[PDB]
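>>> Compute the structure for the input listed below.
(one chain, ligands or ions: 2)
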Amino acid sequence: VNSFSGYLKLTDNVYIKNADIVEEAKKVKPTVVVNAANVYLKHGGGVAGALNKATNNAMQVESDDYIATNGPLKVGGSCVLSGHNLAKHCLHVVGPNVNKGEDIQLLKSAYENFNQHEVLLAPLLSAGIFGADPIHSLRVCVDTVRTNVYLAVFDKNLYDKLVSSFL
Ligand SMILES: CC1(C(=O)NNc2ncnc3nc[nH]c23)CC1
Ligand SMILES: CC1(C(=O)NNc2ncnc3nc[nH]c23)CC1
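Numbering: from 1, shown residues only. Ligands and ions are numbered 1, 2, ... in the order given. I have put the structure below:
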């Protein structure tokens, strides 16, 4: 038993809720919150901009030091950094950005990072401003992640569509 509430169960291990991931993170304090990162960890908008804003820019400060030491992530890759006031840890995961021409096949590789963590609060990778079809992203999530994932979907209209079309 864990503290996530109001989720609809899609599979053995995948759950989904219409929620703001920032508000869900601040209430749950999960062990891991996933950020929809880019390779530079520049948290300007979308989920990343919202998570970073909720940390009062501390996420960005930590991220800039990470990049200065390690260089950019790979598309499909990840790194574990602090969760600041939102979670114990933040798993920054880079899904492909269709608005940058990145290969959508890398979405499966991106979701594989989730398997290194027993439980995660996460957004749909490559959705929103990353330009992928969220229904496809949900399918890849279900078919790739084996650990317990709690998906927060900000848009109520999208949440209802994800649910109604789920196979
Ligand atoms: C959770 C998410 C998002 O953008 N939430 N909305 C807002 N977040 C932060 N400050 C806001 N001020 C008005 N709306 C705001 C999808 C990334
Ligand atoms: C329609 C929409 C979506 O479905 N997911 N993105 C997000 N998911 C969870 N929390 C978020 N806070 C800001 N954007 C968020 C916003 C792009």
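
>>> Buried residues in stretch 156-167, which are they?
Neighbour counts over stretch 156-167 (16 or more other C-beta atoms under 10 Å) mark 158, 159, 162 as buried. Any C-beta I mention is one placed from the backbone N, CA and C, and that applies to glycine too.

>>> Find the nearest non-adjacent residue to the residue of the chain found nearest ligand 1, please.
At 3.5 Å from ligand 1, residue 50 is the closest residue in the chain, using C-beta to the nearest ligand atom. Sequence neighbours aside, residue 22 is the residue nearest to residue 50 in space, at 5.2 Å (criterion: C-beta to C-beta, 6 or more residues apart in numbering).

>>> neighbours around the residue of the chain closest to ligand 1, how many?
19 (other C-beta atoms under 10 Å).

>>> how about it, what does it touch?
20, 21, 22 (C-beta atoms under 8 Å, 6 or more residues apart in numbering).

>>> How many neighbouring residues does the first one have?
This points to residue 20. Neighbours of residue 20 (other C-beta under 10 Å): 14.

>>> Okay, it and residue 160: tell me how far apart.
To residue 160, residue 20 is 16 Å away according to C-beta to C-beta, to the nearest Å.

>>> Contact partners for whatever residue of the chain ends up closest to ligand 2?
Going by C-beta to the nearest ligand atom, ligand 2 is nearest to residue 128 of the chain, at 3.0 Å. Residue 128 is in contact with 36, 46, 47, 134, 154, counting by C-beta under 8 Å, 6+ apart.
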